[PDB]
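Asker: Provided herewith is a single structure, encoded as structure tokens, for subsequent inquiry.
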Amino acid sequence: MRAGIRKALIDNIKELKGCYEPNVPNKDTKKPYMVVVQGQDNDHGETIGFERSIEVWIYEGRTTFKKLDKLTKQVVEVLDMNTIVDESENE
Amino acid sequence: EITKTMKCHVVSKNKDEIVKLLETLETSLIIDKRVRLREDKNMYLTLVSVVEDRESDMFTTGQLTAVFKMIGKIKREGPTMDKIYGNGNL
């Protein structure tokens with residue numbers, strides 16, 4: 001699912017320079033870039049089944065937080081409730 | 001009169017299999033409304049109400065809830081009036 005979220009964020013957001021795994025980027029990476037941390041898979045009953053938690057950590061060059069607010073709204077619009085297809089896993 | 005509230009679980013990897021098994025178990029309990037207590041017969045368990053709460057946990061609680069009751073008679077086996085006699089006066 002990392003591939004699907006990364007591909008969606010890169011395709012739909014153009015200010016984004018790259019989307020990496022947790023401890024991939026080094027100090028020469030070009031900001032803004034995003035990091036996709038995958039959380040727990042807890043059992044949440046019969047109707048929901050196993051629910052997974054994901055975090056999309058945005059990073060920015062410390063110019064000002066208004067850029068980060070705009071980019072957060074962009075991420076939320078891109079991923080919230082929109083079906084994502086993961087080509088790697090084909091699901 | 002002895003009444004028991006007996007809850008039943010149906011565990012399986014495939015949830016639709018749980019649904020099918022619970023459905024057929026409920027139907028069997030309802031149709032054949034009583035259950036032979038022993039292969040000797042002489043006793044039965046009459047159903048009272050069978051209810052399924054599908055949301056309930058598969059392991060801790062269990063889905064199907066069934067209430068059975070059974071009537072028993074005291075087994076008094078006292079002595080017998082084998083020999084009777086009487087006498088007379090005026």
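All residue names refer to the structure tokens as shown: chains lettered A, B, ... in order, residues numbered from 1 in each chain, ligands numbered from 1 in order.
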Considering only C-alpha atoms, extract the chain A residues located within 12 Å of chain B and return them as a PyMOL selection string.
Answerer: chain A and resi 43-49
Asker: Take the residues that were just selected and, keeping N, CA, C and O atoms, output them as a PDB file, in the first residue's frame.
Answerer:
ATOM      1  N   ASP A  43      -7.979  -5.075  15.196  1.00  0.00           N
ATOM      2  CA  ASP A  43      -9.288  -5.649  14.915  1.00  0.00           C
ATOM      3  C   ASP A  43     -10.366  -4.733  15.478  1.00  0.00           C
ATOM      4  O   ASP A  43     -10.364  -4.435  16.675  1.00  0.00           O
ATOM      5  N   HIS A  44     -11.287  -4.297  14.618  1.00  0.00           N
ATOM      6  CA  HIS A  44     -12.322  -3.342  14.999  1.00  0.00           C
ATOM      7  C   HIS A  44     -13.709  -3.907  14.710  1.00  0.00           C
ATOM      8  O   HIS A  44     -14.563  -3.227  14.135  1.00  0.00           O
ATOM      9  N   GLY A  45     -13.942  -5.153  15.099  1.00  0.00           N
ATOM     10  CA  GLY A  45     -15.267  -5.730  15.017  1.00  0.00           C
ATOM     11  C   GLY A  45     -15.554  -6.397  13.691  1.00  0.00           C
ATOM     12  O   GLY A  45     -14.714  -6.494  12.794  1.00  0.00           O
ATOM     13  N   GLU A  46     -16.793  -6.877  13.578  1.00  0.00           N
ATOM     14  CA  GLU A  46     -17.210  -7.624  12.398  1.00  0.00           C
ATOM     15  C   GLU A  46     -17.480  -6.714  11.209  1.00  0.00           C
ATOM     16  O   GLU A  46     -17.213  -7.101  10.068  1.00  0.00           O
ATOM     17  N   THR A  47     -18.015  -5.518  11.448  1.00  0.00           N
ATOM     18  CA  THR A  47     -18.394  -4.646  10.340  1.00  0.00           C
ATOM     19  C   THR A  47     -17.192  -4.011   9.657  1.00  0.00           C
ATOM     20  O   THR A  47     -17.221  -3.807   8.440  1.00  0.00           O
ATOM     21  N   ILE A  48     -16.141  -3.693  10.408  1.00  0.00           N
ATOM     22  CA  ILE A  48     -14.960  -3.029   9.868  1.00  0.00           C
ATOM     23  C   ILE A  48     -13.863  -4.050   9.622  1.00  0.00           C
ATOM     24  O   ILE A  48     -13.066  -3.899   8.695  1.00  0.00           O
ATOM     25  N   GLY A  49     -13.810  -5.094  10.441  1.00  0.00           N
ATOM     26  CA  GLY A  49     -12.697  -6.007  10.320  1.00  0.00           C
ATOM     27  C   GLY A  49     -11.420  -5.342  10.799  1.00  0.00           C
ATOM     28  O   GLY A  49     -11.428  -4.474  11.674  1.00  0.00           O
TER      29      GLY A  49
END
Asker: Which of these, A:78, A:6, A:90, A:61, has the shortest distance to residue 30 in chain A once you count only C-alpha atoms?
Answerer: A:61
Asker: Please return as a list in words: the residues of chain B that backbone DSSP assigns to strand (DSSP E).
Answerer: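 Taking chain B and keeping strand (DSSP E) only, one gets residues 2, 3, 4, 5, 6, 7, 8, 34, 35, 36, 44, 45, 46, 47, 48, 49, 50, 51, 52, 64, 65, 66, 67, 68, 69 and 70 of chain B.
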Asker: DSSP on the backbone: what in range 8-57 of chain A comes out alpha helix (DSSP H), as a list in words?
Answerer: residues 8, 9, 10, 11, 12, 45, 46, 47 and 48 of chain A
Asker: Just write the chosen residues, N, CA, C and O atoms, as a short mmCIF file (atom, residue, chain, number, x, y, z; two decimals), in the first residue's frame.
Answerer:
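Final file, result_9.cif:
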data_model
loop_
_atom_site.label_atom_id
_atom_site.label_comp_id
_atom_site.auth_asym_id
_atom_site.auth_seq_id
_atom_site.Cartn_x
_atom_site.Cartn_y
_atom_site.Cartn_z
N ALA A 8 0.00 7.99 -5.79
CA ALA A 8 -1.09 8.95 -5.82
C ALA A 8 -0.61 10.34 -5.44
O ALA A 8 -0.93 11.33 -6.11
N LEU A 9 0.18 10.44 -4.37
CA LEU A 9 0.64 11.74 -3.92
C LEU A 9 1.55 12.39 -4.95
O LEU A 9 1.44 13.60 -5.21
N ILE A 10 2.45 11.62 -5.55
CA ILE A 10 3.34 12.18 -6.56
C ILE A 10 2.54 12.63 -7.77
O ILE A 10 2.77 13.72 -8.31
N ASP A 11 1.60 11.80 -8.23
CA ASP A 11 0.86 12.13 -9.44
C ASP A 11 0.01 13.38 -9.25
O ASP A 11 -0.03 14.25 -10.12
N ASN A 12 -0.68 13.48 -8.12
CA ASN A 12 -1.70 14.51 -7.97
C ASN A 12 -1.17 15.82 -7.39
O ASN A 12 -1.82 16.85 -7.57
N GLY A 45 -13.94 -5.15 15.10
CA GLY A 45 -15.27 -5.73 15.02
C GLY A 45 -15.55 -6.40 13.69
O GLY A 45 -14.71 -6.49 12.79
N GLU A 46 -16.79 -6.88 13.58
CA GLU A 46 -17.21 -7.62 12.40
C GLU A 46 -17.48 -6.71 11.21
O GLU A 46 -17.21 -7.10 10.07
N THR A 47 -18.02 -5.52 11.45
CA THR A 47 -18.39 -4.65 10.34
C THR A 47 -17.19 -4.01 9.66
O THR A 47 -17.22 -3.81 8.44
N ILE A 48 -16.14 -3.69 10.41
CA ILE A 48 -14.96 -3.03 9.87
C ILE A 48 -13.86 -4.05 9.62
O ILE A 48 -13.07 -3.90 8.69
#
Asker: Which polymer residues have any atom within 12 Å of an atom of residue 88 in chain A, counting only C-alpha atoms, with same-chain residues fewer than 5 positions away left out, as a PyMOL selection string?
Answerer: chain A and resi 1-7
Asker: With only C-alpha atoms as the counted atoms, please give the residues lying no more than 12 Å from residue 11 in chain B, apart from itself and same-chain residues fewer than 4 positions off, as a PyMOL selection string.
Answerer: chain B and resi 15-22+57-64
Asker: Can you spit out the residues from that selection as a compact mmCIF listing (two decimals), in the first residue's frame, using N, CA, C and O atoms?
Answerer:
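And here's part-v8.txt as it stands now:
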# COMPACT_ATOMS: atom_id res chain seq x y z
N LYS B 15 -15.98 -15.98 7.07
CA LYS B 15 -17.11 -15.44 7.81
C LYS B 15 -18.44 -15.90 7.24
O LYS B 15 -19.39 -16.17 7.98
N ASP B 16 -18.54 -15.99 5.91
CA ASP B 16 -19.77 -16.48 5.31
C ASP B 16 -20.05 -17.92 5.71
O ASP B 16 -21.21 -18.33 5.81
N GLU B 17 -19.00 -18.70 5.98
CA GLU B 17 -19.21 -20.03 6.54
C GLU B 17 -19.81 -19.94 7.93
O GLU B 17 -20.65 -20.76 8.30
N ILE B 18 -19.38 -18.96 8.73
CA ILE B 18 -19.99 -18.77 10.04
C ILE B 18 -21.47 -18.47 9.88
O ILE B 18 -22.32 -19.00 10.62
N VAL B 19 -21.81 -17.62 8.91
CA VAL B 19 -23.21 -17.26 8.69
C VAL B 19 -24.02 -18.49 8.30
O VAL B 19 -25.11 -18.73 8.83
N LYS B 20 -23.49 -19.29 7.37
CA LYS B 20 -24.22 -20.48 6.92
C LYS B 20 -24.41 -21.46 8.07
O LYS B 20 -25.50 -22.02 8.25
N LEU B 21 -23.35 -21.71 8.84
CA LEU B 21 -23.44 -22.67 9.93
C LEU B 21 -24.44 -22.20 10.98
O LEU B 21 -25.25 -23.00 11.47
N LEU B 22 -24.41 -20.92 11.33
CA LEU B 22 -25.37 -20.41 12.30
C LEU B 22 -26.79 -20.51 11.77
O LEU B 22 -27.72 -20.87 12.51
N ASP B 57 -18.83 -11.06 19.70
CA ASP B 57 -17.49 -11.55 19.44
C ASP B 57 -17.50 -13.06 19.20
O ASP B 57 -18.25 -13.80 19.83
N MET B 58 -16.64 -13.49 18.28
CA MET B 58 -16.62 -14.88 17.87
C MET B 58 -16.12 -15.79 18.99
O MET B 58 -16.58 -16.93 19.11
N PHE B 59 -15.19 -15.31 19.81
CA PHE B 59 -14.52 -16.12 20.81
C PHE B 59 -15.01 -15.84 22.23
O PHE B 59 -15.39 -16.78 22.94
N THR B 60 -15.00 -14.59 22.67
CA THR B 60 -15.37 -14.29 24.04
C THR B 60 -16.85 -14.59 24.28
O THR B 60 -17.20 -15.42 25.12
N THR B 61 -17.73 -13.90 23.55
CA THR B 61 -19.16 -14.00 23.81
C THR B 61 -19.79 -15.19 23.10
O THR B 61 -20.25 -16.13 23.74
N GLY B 62 -19.79 -15.17 21.78
CA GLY B 62 -20.49 -16.15 20.97
C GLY B 62 -21.75 -15.55 20.36
O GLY B 62 -22.40 -14.68 20.93
N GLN B 63 -22.09 -16.05 19.17
CA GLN B 63 -23.18 -15.45 18.41
C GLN B 63 -24.54 -15.94 18.89
O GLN B 63 -25.37 -15.16 19.36
N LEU B 64 -24.78 -17.24 18.78
CA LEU B 64 -26.10 -17.80 19.01
C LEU B 64 -26.37 -17.96 20.49
O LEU B 64 -25.53 -18.47 21.23
